[PDB]
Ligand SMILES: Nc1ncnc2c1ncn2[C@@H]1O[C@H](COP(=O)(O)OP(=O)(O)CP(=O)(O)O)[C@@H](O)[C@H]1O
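Shown below, as structure tokens, is a lone chain in the form deposited without the ligand; questions about how it binds or moves come after it.
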């Protein structure tokens, strides 16, 4: 495996926070990138109480990322699979995961990064960067299934990237994935057909994208605050959807609306989202997006 890194090359410096299956640490890696003696990285681990299923997805995420190359998708750098504990080494995203970043921007935050909340132009930029990454993932024929602010990361120039694929599934042959058995699911981010039949598609992923825009405009507030999971589950399957957070730009509200169409066939594709926003983005976008790349044919 050319992704295998020798353990001594990795030093864990500190905890960055809890991830999908375990504590994520900031580490220092010696000679892992040709031309650079030392690199700051993010190292993922799995908690001791992780179940079989969880352990399986943790490892799966490392395996699938090996095949990704997209500016808006967190990059895998390597794996320490020899001996325990297993370590998944990834590029370090300076501002952490989108949810935490968003919350630290609240006026009442205690860990404020000395920066104000996202402007409309920033919100749109983030939207397009996330849609682009998702468009890329969909082109590779994978359904994400767990799109949420917590699974997105923020770089030093605030670029947002998809960085957690703990529930991703292959859809090459059918374009969808059906949940056979049981298991814990993120109910507040799920589309009605997913809550009902356990069916997941790029379209149910579009539903999630809309909730992420909601998280952005509310600074990572809990979706459907005031309702229990059971109520949410029933509310969404019966045609209900999230309300607009105060001060949420009207233009972003129009995006959410189209992501929350009850019929999945009525929802836009990620490529449509990007196409819709293409004339209101940073000059560097066409240089790095999957949308403008030759691979998008």
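Between two forms, the rigid core is defined as the largest C-alpha subset superposing within 1.5 Å. Numbering follows the first chain given and starts at 1.
- Taking the mean C-alpha B-factor of each stretch as recorded, 177-185 and 202-210 are not equal, and the higher mean is that of 177-185.
- If you average the C-alpha B-factors over 249-257 and over 54-62, the higher value belongs to 249-257.
- Looking only at 45, 244, 269, 69, the residue with the top Cα B factor in the deposited structure is 244.
- Of the candidates 215, 110, 132, 91, the one whose C-alpha carries the top B factor in the deposited record is 110.
- Among the modelled residues of its chain, residue 166 has a C-alpha B-factor that falls in the highest third according to the deposited record.
- Sort the chain's modelled residues by C-alpha temperature factor and residue 15 lands in the highest third, per the entry.
- Among all modelled residues in its chain, residue 122 ranks in the middle third by Cα B-factor.
- Looking at the C-alpha B-factors along this chain, the one for residue 95 belongs to the lowest third.
- Among the modelled residues of the chain, residue 21 sits in the highest third by CA temperature factor in this PDB entry.
Below, we refer to the form deposited with the ligand bound, which is not included among the displayed structures.
- The site on the displayed chain is blocked: the ligand, placed by C-alpha superposition from its pose in the deposited complex, has three or more atoms within 2.4 Å of backbone or C-beta atoms.
- Of the candidates 93, 130, 220, 211, 93 is the one whose heavy atoms come within 4.5 Å of the ligand in the deposited complex; the others do not.
- Just one of 206, 160, 190, 74 comes within 4.5 Å of the ligand in the deposited complex, counting any heavy atom, and that one is 74.
- With a 4.5 Å cutoff on heavy atoms, residue 42 counts as touching the ligand in the deposited complex.
- Interface residue remark: residue 166 is counted as part of the site for the ligand in the deposited complex, having a heavy atom within 4.5 Å.
- Not displayed here, the ligand is approached by residue 24 to within 4.5 Å at the level of heavy atoms in the deposited complex.
- Contact annotation: residue 151 falls within 4.5 Å of the ligand in the deposited complex, judged by heavy atom distances.
- In the deposited complex, the ligand lies within 4.5 angstroms of at least one heavy atom of each of the following residues of 47-65: 57, 61, in sequence order.
- Remark: with the core as the superposition reference, the CA shift of residue 36 between this form and the one not shown reaches 2 Å or more.
- Once the rigid core is overlaid between this form and the one not shown, residue 48 counts among the residues whose Cα shifts by 2 Å or more.
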